[PDB]
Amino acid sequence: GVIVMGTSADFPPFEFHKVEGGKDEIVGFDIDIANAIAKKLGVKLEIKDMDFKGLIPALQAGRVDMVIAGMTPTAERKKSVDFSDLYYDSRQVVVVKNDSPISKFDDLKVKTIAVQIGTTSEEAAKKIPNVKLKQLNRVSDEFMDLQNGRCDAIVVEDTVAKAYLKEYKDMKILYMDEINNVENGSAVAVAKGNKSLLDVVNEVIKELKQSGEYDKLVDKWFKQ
């Protein structure tokens, strides 16, 4: 009577902790999608918050039934788990301080770049010549690093950077063509061979899109 979802709730507006009024709720676009799935199945949704890097291992081990975490369905990951249809696009960007000497992609050479372990953002940064990778479990620490001068830049998705920059007013996004040369988009992951759940997930994503509910969710999370 339960479906267990794994996520990494450091990724507003997809999943994050909204802490106010005596509540600590994990909320976001991905959570709304998860609740639509739970409702179709007629079960209770339980969410486990963990480091992003642990999500695929948890799914493989059966510690969660599905992962929704702004997760890109890469060819590499498809060897290990199964992915739903895409439910949102995404783009890699670079975040720097307002007074950064970095203006363009070439300027990233030899720099210290904060990235989240196990991500396409990390994959993108690894291609920078002579990069000094600073690898973090959680995105929130990457922003603390940049604020405190412990890195020169962050690589992270555009929509998430925009969310963090609501608070981090001394940072800016650089839209560099070349940093986005990785697989894009987000999809739901389920364990390899779990067709029953995958089919339901794909049906729910399709019905969200076709019923108008998806557009309501997108307005709520991405059009503010």
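Start at 1 and count along the sequence shown; that's the residue number.
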Avg C-alpha B-factor, entry values, 109-117 vs 125-133, higher side is 125-133
Greater mean Cα temperature factor according to the PDB record, 158-166 or 57-65 | 57-65
Whose C-alpha has the highest temperature factor in the PDB entry: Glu203, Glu20, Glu213, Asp10?
-> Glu20
Per the deposited B-factor column, the C-alpha that peaks among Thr72, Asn148, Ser84, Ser140 belongs to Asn148
Determine, from the deposited record, the chain-internal third of the Cα B-factor for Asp32: lowest, middle or highest.
-> lowest
Entry-reported C-alpha B-factor of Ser80 relative to its chain, by third, is highest
Among modelled residues of the same chain, the CA temperature factor third for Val218 | lowest
Compared with the other modelled residues in the chain, in which third is the CA B-factor of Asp51?
-> middle
The third of the chain into which the C-alpha temperature factor of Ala189 falls is the middle
